Every structure is written in structure tokens, then in C-alpha cells.
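Asker: This structure is in C-alpha cells; I'll ask about it shortly.
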Amino acid sequence: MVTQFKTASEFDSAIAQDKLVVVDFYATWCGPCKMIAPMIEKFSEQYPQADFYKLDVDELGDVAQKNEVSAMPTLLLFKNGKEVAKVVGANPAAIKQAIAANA
């Protein structure tokens, strides 16, 4: 599956003890930023153990600032309600391995 985040009250649970969650902090702007939504989902089939969510840089612009992620888009990894890695760019090369060694 795949979903986004509008309220921190949601994403807060996603990380909180729940394996490795791959949340993207795509910029509220940018052009080819929506084409990732389907991709972010395609990866959920290879790492079903990990949750593939998405962060809103418009609604949760802060969470994008807290982690210092204002790219467009960006990939954020979190283990057991904690962190693990951050690689701005879900280009077929890291977004896959990043979810392996981590999860």
C-alpha cells in the first residue's frame, strides 16, 4: 500500500515501533514530484515488511524543515520510531537498497 501525511498525529505512529518506514518529503511545489507517488507504492511490493508513506511539504512543511529536507522530492527512513537514513532522491538505485540494508 501507500499513503501520505497531513497531520503529524498520523506519521507519529508510522515510525513509532513499526519497522522501517519510507516516507518521502516531496516539495509542495516541483514538477515531476507526483510521479513518485506510484513509485513509492511499487516499492511496497518488494519490502512489504516496511511501510511506504509520504510526507506533505505543504501541510507538514515543518517536518520538512525539522529534518532539514526541503528538496523535491526526498526520501526519509526511520526505524522503530527513530531514524536510520536520508537520501533525497528515489531514483532506481538507492531507494531500493536503502530499504534493504535498513529493513
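Each chain in the C-alpha cells gets a letter, A, B, ..., in the order shown, and its residues are numbered from 1; ligands are numbered from 1 in order too.
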DSSP says alpha helix (DSSP H) for which residues of stretch 6-92 of chain A? Put them as a list in words?

Answerer: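 Alpha helix (DSSP H) assignments inside stretch 6-92 of chain A correspond to residues 8, 9, 10, 11, 12, 13, 14, 15, 36, 37, 38, 39, 40, 41, 42, 61, 62, 63, 64, 65 and 66 of chain A.
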
Asker: Which residues come within 9 Å of residue A:83, counting only C-alpha atoms, excluding same-chain residues fewer than 6 positions away, as a ChimeraX atom specification?

Answerer: /A:15,20,76-77

Asker: Step one, run DSSP on the backbone; step two, keep only residues of chain A assigned to strand (DSSP E or B); then write them as a PyMOL selection string.

Answerer: chain A and resi 3+20-24+53-54+75-79+85-86

Asker: So, with only C-alpha atoms as the atoms that count, which of A:93, A:88, A:33, A:27 lies closest to residue A:59?

Answerer: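 Of all the options, A:27 lies closest to residue A:59.
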
Asker: Taking into account only C-alpha atoms, which residue in the set A:40, A:50, A:64, A:101 is nearest to residue A:19?

Answerer: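 Checking each candidate against residue A:19, we get A:50 as the closest.
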
Asker: What does the distance between atom CA of residue A:13 and atom CA of residue A:32 come to in Å, to one decimal place?

Answerer: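 It comes out at 28.3 Å.
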
Asker: Mind dumping a table of every stretch 10-98 of chain A residue within 10 Å of stretch 2-5 of chain A, with the nearest atom pair and its distance in Å to one decimal, using only C-alpha atoms, sorted by chain and rising number, as JSON lines?

Answerer:
{"residue": "A:10", "atom": "CA", "partner": "A:5", "partner_atom": "CA", "distance": 6.7}
{"residue": "A:11", "atom": "CA", "partner": "A:5", "partner_atom": "CA", "distance": 6.2}
{"residue": "A:12", "atom": "CA", "partner": "A:5", "partner_atom": "CA", "distance": 9.7}
{"residue": "A:14", "atom": "CA", "partner": "A:5", "partner_atom": "CA", "distance": 9.9}
{"residue": "A:22", "atom": "CA", "partner": "A:2", "partner_atom": "CA", "distance": 9.8}
{"residue": "A:23", "atom": "CA", "partner": "A:4", "partner_atom": "CA", "distance": 8.1}
{"residue": "A:24", "atom": "CA", "partner": "A:4", "partner_atom": "CA", "distance": 8.5}
{"residue": "A:25", "atom": "CA", "partner": "A:4", "partner_atom": "CA", "distance": 9.5}
{"residue": "A:37", "atom": "CA", "partner": "A:2", "partner_atom": "CA", "distance": 7.9}
{"residue": "A:38", "atom": "CA", "partner": "A:2", "partner_atom": "CA", "distance": 8.4}
{"residue": "A:39", "atom": "CA", "partner": "A:2", "partner_atom": "CA", "distance": 9.6}
{"residue": "A:40", "atom": "CA", "partner": "A:2", "partner_atom": "CA", "distance": 7.0}
{"residue": "A:41", "atom": "CA", "partner": "A:2", "partner_atom": "CA", "distance": 5.2}
{"residue": "A:42", "atom": "CA", "partner": "A:2", "partner_atom": "CA", "distance": 8.9}
{"residue": "A:43", "atom": "CA", "partner": "A:2", "partner_atom": "CA", "distance": 9.4}
{"residue": "A:44", "atom": "CA", "partner": "A:2", "partner_atom": "CA", "distance": 7.4}
{"residue": "A:51", "atom": "CA", "partner": "A:2", "partner_atom": "CA", "distance": 7.6}
{"residue": "A:52", "atom": "CA", "partner": "A:2", "partner_atom": "CA", "distance": 5.4}
{"residue": "A:53", "atom": "CA", "partner": "A:3", "partner_atom": "CA", "distance": 4.8}
{"residue": "A:54", "atom": "CA", "partner": "A:4", "partner_atom": "CA", "distance": 4.0}
{"residue": "A:55", "atom": "CA", "partner": "A:5", "partner_atom": "CA", "distance": 5.0}
{"residue": "A:56", "atom": "CA", "partner": "A:5", "partner_atom": "CA", "distance": 5.9}
{"residue": "A:57", "atom": "CA", "partner": "A:5", "partner_atom": "CA", "distance": 9.4}
{"residue": "A:59", "atom": "CA", "partner": "A:5", "partner_atom": "CA", "distance": 8.2}
{"residue": "A:60", "atom": "CA", "partner": "A:5", "partner_atom": "CA", "distance": 7.7}

Asker: Quick one: distance from atom CA of residue A:21 to atom CA of residue A:96 in Å, one decimal?

Answerer: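 Going from atom CA of residue A:21 over to atom CA of residue A:96, I get 12.6 Å.
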
Asker: Would you pick out the contacts of residue A:102 at 9 Å or less, using only C-alpha atoms, so that residues sharing its chain but fewer than 2 positions from it are not included, and give the list as a ChimeraX atom specification?

Answerer: /A:20,77-79,84-85,97-100

Asker: Find the residue from A:49, A:67, A:80, A:74 that sits nearest to residue A:18; use only C-alpha atoms when measuring.

Answerer: A:80
